[PDB]
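Protein chains in written order, with this note's numbering: chain A, 10 to 150; chain B, 60 to 374; chain C, 691 to 832; chain D, 16 to 281; chain E, 2 to 50. C-beta: ideal position from N, C-alpha, C; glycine also.
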Amino acid sequence: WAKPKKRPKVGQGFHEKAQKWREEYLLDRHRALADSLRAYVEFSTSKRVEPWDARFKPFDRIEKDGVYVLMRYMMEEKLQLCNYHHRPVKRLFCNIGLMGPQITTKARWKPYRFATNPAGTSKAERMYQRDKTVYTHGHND
Amino acid sequence: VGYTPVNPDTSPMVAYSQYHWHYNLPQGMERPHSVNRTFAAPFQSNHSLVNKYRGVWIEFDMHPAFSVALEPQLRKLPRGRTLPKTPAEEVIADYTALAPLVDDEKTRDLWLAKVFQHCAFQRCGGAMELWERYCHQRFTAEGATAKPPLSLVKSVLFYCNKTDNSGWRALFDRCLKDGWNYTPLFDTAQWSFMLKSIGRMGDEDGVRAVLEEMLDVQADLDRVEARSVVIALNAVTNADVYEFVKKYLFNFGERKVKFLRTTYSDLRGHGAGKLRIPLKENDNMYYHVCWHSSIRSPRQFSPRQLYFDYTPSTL
Amino acid sequence: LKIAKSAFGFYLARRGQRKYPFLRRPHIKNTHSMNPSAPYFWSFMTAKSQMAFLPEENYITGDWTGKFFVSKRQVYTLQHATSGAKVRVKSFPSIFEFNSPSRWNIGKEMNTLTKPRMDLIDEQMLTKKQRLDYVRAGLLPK
Amino acid sequence: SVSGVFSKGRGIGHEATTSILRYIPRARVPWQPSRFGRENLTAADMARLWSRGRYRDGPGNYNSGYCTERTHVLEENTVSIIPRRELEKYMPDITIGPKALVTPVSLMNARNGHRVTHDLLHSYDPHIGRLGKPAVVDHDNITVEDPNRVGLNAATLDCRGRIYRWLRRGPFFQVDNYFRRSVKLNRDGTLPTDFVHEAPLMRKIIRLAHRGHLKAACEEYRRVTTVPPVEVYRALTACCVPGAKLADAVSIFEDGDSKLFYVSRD
Amino acid sequence: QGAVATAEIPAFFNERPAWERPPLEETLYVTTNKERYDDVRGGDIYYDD
RNA sequence: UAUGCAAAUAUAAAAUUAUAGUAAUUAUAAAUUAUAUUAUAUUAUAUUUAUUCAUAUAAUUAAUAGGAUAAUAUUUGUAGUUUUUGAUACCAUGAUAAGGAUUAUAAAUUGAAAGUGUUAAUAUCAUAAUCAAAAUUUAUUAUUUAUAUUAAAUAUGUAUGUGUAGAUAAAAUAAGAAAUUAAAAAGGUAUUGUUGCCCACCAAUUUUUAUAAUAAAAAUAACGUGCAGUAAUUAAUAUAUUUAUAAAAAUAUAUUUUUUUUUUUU
Ligand SMILES: O=c1ccn([C@@H]2O[C@H](COP(=O)(O)OP(=O)(O)OP(=O)(O)O)[C@@H](O)[C@H]2O)c(=O)[nH]1
Ligand SMILES: [Mg+2]
Ligand SMILES: [Mg+2]
Ligand SMILES: [Mg+2]
Ligand SMILES: [Mg+2]
Ligand SMILES: [Mg+2]
Ligand SMILES: [Mg+2]
Ligand SMILES: [Mg+2]
Ligand SMILES: [Mg+2]
Ligand SMILES: [Mg+2]
Ligand SMILES: [Mg+2]
Ligand SMILES: [Mg+2]
């Protein structure tokens, strides 16, 4: 237990420096926030890749048969309306009931961060190519 | 070991030591204690009693015949613990009117006692005539044998005490041993009011007579209210009566004496407003009160104040 | 404590890097209070319901001579911008001031608009040793 | 060579007693003869000592808003206070005033014995909040400033034995002292029973009992702060007679006996 | 021998039998139990005068 | 490496030093000082799994006072300033931690005394203490690693990079590991003992004399260089020759007041 050594004095002109730094830090944070809200809503509206994993079933099956049939003729409008975001996609598949119990148990879906990629994504590198100046929590394109 | 002493009830190292009972011994009770049975202490609260009447009880004995008949007039007078605000002039006028119509001595006199009380509460000065108009002739005048109902005496006396008056001295003197002997039957309240008024008008001799009488009749001294005793002992400037009051001051109790000093010191003090008529300065009496108090109470030892100036001598 | 930054540096021991029960640490210092969230903007470090009333500190409770800084939990209100009055918050070193009003502030706490840990580092409050260590961290240039 | 805390002090009680009293030696505490208490402080010094000692909310501290200094220094930086009139512009003013610090007597048991919501604790005994005189609590005038110095202050000089005194209190202390300091038998032998502010209530109780609503009358009986007149009890029991309820009549009368000075013995 | 426990009990349990002690001590002897003023190096600090 | 020259320990002596006047002694050997691969007195270290470690703030510690169903106390409302100074931001003794290395299996514990902030006699700079919503530099700390991811006190925006440098952590206990090793021989110029002692040169002075770079010898407590010696960081001791800031160092002989390692024809 050493006797605590006393803290040195504050400094000079530092109060104005700090006031200034925080001030314009906030005025910057406004464009940070604006830009990020634009990015987020833009993400929300735009289309995404298919959230299901075609390596398992009931999905691997040929796109002319089985589930895909059920998707083409009955579900199509609904799926395109929600832009294939994985939460409402899975929920719609729950409510269609002609798959019924399997959606969670048998079927398999892409991990969160992969299912988030924009429609027409080719290479996996697209996960790390999204803008890093924006605060959406990986929810931006 | 420390500046904080071990509390011996909680600490096992105390409890279980060789100077107390270890836990492996048989844990019974050591000795019985009768404390409250051997010597018993009587109850005196530090707070005064809550429900006591605090006033003068006028003892209404009336026959339940006239007590129905006289109800419309009586209702304007005080009943038990009730004090109607009816104007005094009206009540005296009622008695003056109706009272000769009723034939009983007891009923009329009880009625009159109530009138006096009712007037004593409003402090109306024109009541005393009723004493000289009806009662004086058969009781205090020229050795008339008749002996007054106690209620009446108490009531009139309380009136003389409430409304400051000289006439009291004639009544009081009639109530000693040789006279009617109503003195042992007085409430503690009565004596309190008596001493208070007497001390206000400033009669040293009246005070000495009354205290003599109280001491002899075995009234309750310490339960005589402090205000009245202080006022009464305040009015005393005469040398002889002063001697009497030292020697009498010893007749009180330790506590009573301390709160006599306290009452006195408050009354010429901050509590000077507590009184309707302010006190008159008596320095010697107030001092001797505080002195009696300092004597009778237990002495504390303050060596630095006593021996402050002391010096050793090799003589 | 090693350095006494306050009164308490005399009284308190650090006790190494020591774990506390969940969400109870003796001295609340919210380093995360300003932590940018676009999608979570209304739910993060704010009222758990939108239907709640503003805190005590958005109102003058009694007859005041006046105050120096308003508490940090006071939410920014449209009047905070419009009225053009001094809005002060107690931060370190001294006080933070809302000087340059904006509507993007409204409806958040100034607990949220004030950066608790600044990237600006004075070297005048640092020991030479401390400055060395901050250089290790690649914070201070040298 | 002389370092004191305060420059000047004053006496507890005044000339009439002191000029004579000094002739009789008083025994001072043997180890520490000279007593300087908080009753000996001057006006300014007491004001200051009553300001300090309450953490944040207390007037002494600068940002509490009751601070009368126009400037305050945070670590070499001087800050100028914002005046309240200007503080109002962005921060709306809701002040009820004094009366919002005082709950009715009804709630007092729920509040563990207090009517007073102020920062310091308020005792209804004479001796805890006593300065030179015995403490009395104004239920109309309560302020943050506390002129009378009746509250229990945490940090002031001489506070210790007071704080202990508070923690040592009997279970009914607050309630009992509030009840006895007010509401006492008159010097005449007259009941406290007649009070102007509560009269319409008693009128309502009686008028309710006469039309034979017992429960209603009792629900209003509960709200009575002062001893109710004998007429109240006459009405309540007389209402109790027809329906044969005995138990309730008896408990009424038993409420009037020995509790309330025997208003109900009639 | 040494003390295991200690308890305050009235002296009439064990006190020197009536035929051992001198005759009535209340009347014929004035006895005060008192403390030595000097420092005592050993023995009892209370003696019977 | 014995043809010149060259007596010289093998003991004939009378307290140490000293050219035979200097200081008052000196010399000495067995007590004491933890690690040098011994037989299994009766059973195993060579396995497993780990390593990005941060958090403190807005000054007054000094005393007692009782209430309903109690035989009566306004004691309702109990009013006498001022002569002392330490636990403080500050010097101000005590006292409890952490730290695995040979008392074993049966009816059985894998956590120790050698002291880690708050505690009791040294006083003579100062009010520094949480009752909310707060400022990273401190050796001494096990975090969630890819199907689904923010609702109640406010609750962490940053580091994807071939399970990848150096260097580190833990365990033989209701778990699951199995054969390589360890006990016995040792010295002290110190003397509660290596943070022990000592050695020479390098200044002043003091004192005797047989005056050789700069006399010699003896007392001596500075300064500065080292580190010579105590088996002591290339063991020491003696003679011999050489060498030189200073202890001393190189070589040639003898030697233990140095510690030991041992084939009775293989
Ligand atoms: O011991 C006490 C305490 C208090 N009081 C209170 O002080 C008030 C005035 O105080 P005083 O005691 O001076 O008036 P008073 O003698 O004329 O009053 P009575 O006794 O005649 O009624 C009184 O009217 C009463 O309210 C006393 O009278 N005596
Ligand atoms: Mg404090
Ligand atoms: Mg220690
Ligand atoms: Mg010479
Ligand atoms: Mg020489
Ligand atoms: Mg050597
Ligand atoms: Mg060496
Ligand atoms: Mg050597
Ligand atoms: Mg040699
Ligand atoms: Mg040689
Ligand atoms: Mg050399
Ligand atoms: Mg040599």
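- Of all C-beta pairs linking the stretch 105-117 of chain A to the stretch 55-73 of chain A, three or more are shorter than 8 Å, placing the two stretches in contact.
- With a cut-off of 8 Å on Cβ pairs, the stretch 99-112 of chain D is in contact with the stretch 754-770 of chain C, counting three or more such pairs.
- Listed by position along chain A, the residues whose Cβ is nearer than 7 Å to that of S792(C) are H39.
- At a cut-off of 8 Å between C-beta atoms, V50(A) does not count as an interface residue with respect to chain D.
- CA-CA distance, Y38(E) to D45(E), rounds to 12 Å.
- The C-beta of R96(B) comes no closer than 8 Å to any C-beta of chain E.
- For the stretch 87-117 of chain D, the residues whose beta carbon sits under 7 Å from a beta carbon of chain C are, in order, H87, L89, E90, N92, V94, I96, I97, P98, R99, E101, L102, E103, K104, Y105, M106, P107, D108, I109, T110.
- Segment contact: the stretch 800-820 of chain C against the stretch 290-308 of chain B, fewer than three CB-CB distances shorter than 8 Å; contact not assigned.
- Considered as a whole, the stretch 137-218 of chain B harbours 147-157, 164-181 as its complete alpha helix (DSSP H) runs of no fewer than 4 residues, in chain order.
- Under DSSP, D108(D) takes part in a beta bridge, and its partners are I750(C).
- Residues of the stretch 795-818 of chain C with a C-beta atom less than 9 Å from some C-beta of chain A are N795, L803, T804, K805, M808, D809, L810, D812, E813, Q814, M815, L816, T817, listed in chain order.
- Taking a 10 Å sphere around the C-beta of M273(B), we find 16 or more other C-beta atoms and assign the residue as buried.
- Taking 7 Å as the cut-off, the C-beta of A728(C) does not count as close to any heavy atom of ligand 2.
- Taken through DSSP and simplified to helix, strand or coil, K12(A) comes out as coil.
- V41(E) carries a coil assignment under DSSP once its states are collapsed to helix, strand and coil.
- Within 7 Å of the CB of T32(D), the CB atoms of chain B belong to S324, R327, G328, in sequence order along the chain.
- By the C-beta criterion, the stretch 169-186 of chain D is judged not to be in contact with the stretch 216-223 of chain D, since fewer than 3 inter-stretch pairs fall below 8 Å.
- Between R182(B) and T222(B), the C-beta spacing is below 8 Å.
- Taking a beta-carbon distance threshold of 8 Å, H29(D) counts as an interface residue toward chain B.
- In this structure, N220(B) is the residue among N220(B), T199(B), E164(B), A156(B) with its C-alpha nearest to the C-alpha of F175(B).
- In the three-state reduction of the DSSP assignment, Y248(D) falls in the helix class.
- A48(A) places its beta carbon less than 8 Å from that of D140(A).
- Close to chain D, meaning a Cβ-Cβ distance shorter than 9 Å, are the following residues of the stretch 771-786 of chain C: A771, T772, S773, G774, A775, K776, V777, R778, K780, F782, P783, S784, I785.
- Going by beta carbons, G166(D) and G147(D) fall outside the 8 Å limit.
- In terms of beta-carbon proximity, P186(D) stays away from the interface with chain B, with every pair separated by 8 Å or more.
- Here the stretch 105-123 of chain B does not lie against the stretch 24-38 of chain E, with fewer than 3 beta-carbon pairs under 8 Å apart.
- In the same chain as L29(E), and ignoring 5 residues on each side of it, no C-beta atom comes closer than 7 Å to its own.
- Contact annotation: the stretch 68-88 of chain A does not touch the stretch 25-32 of chain A, with fewer than three C-beta pairs closer than 8 Å.
- Between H95(A) and chain D, the shortest Cβ-Cβ separation is not below 8 Å.
- Excluding sequence positions up to five before and after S352(B), its CB lies within less than 8 Å of the CB of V316, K317, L319, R320, all in the same chain and listed in chain order.
- With a cutoff of 8 Å on beta-carbon distance, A124(A) and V50(A) are scored as not near each other.
- Around the beta-carbon of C349(B), 16 or more other beta-carbon atoms lie within 10 Å, marking it buried.
- Here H87(D) carries a strand assignment [DSSP, helix/strand/coil].
- Listed along chain A are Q28, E32, each with a C-beta nearer than 9 Å to that of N789(C).
- Residues are counted here when their Cβ sits less than 7 Å from a Cβ of chain D; for the stretch 343-356 of chain B these are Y345, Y346, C349, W350, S353, given in chain order.
- At least one beta carbon of chain B lies nearer than 8 Å to the beta carbon of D203(D).
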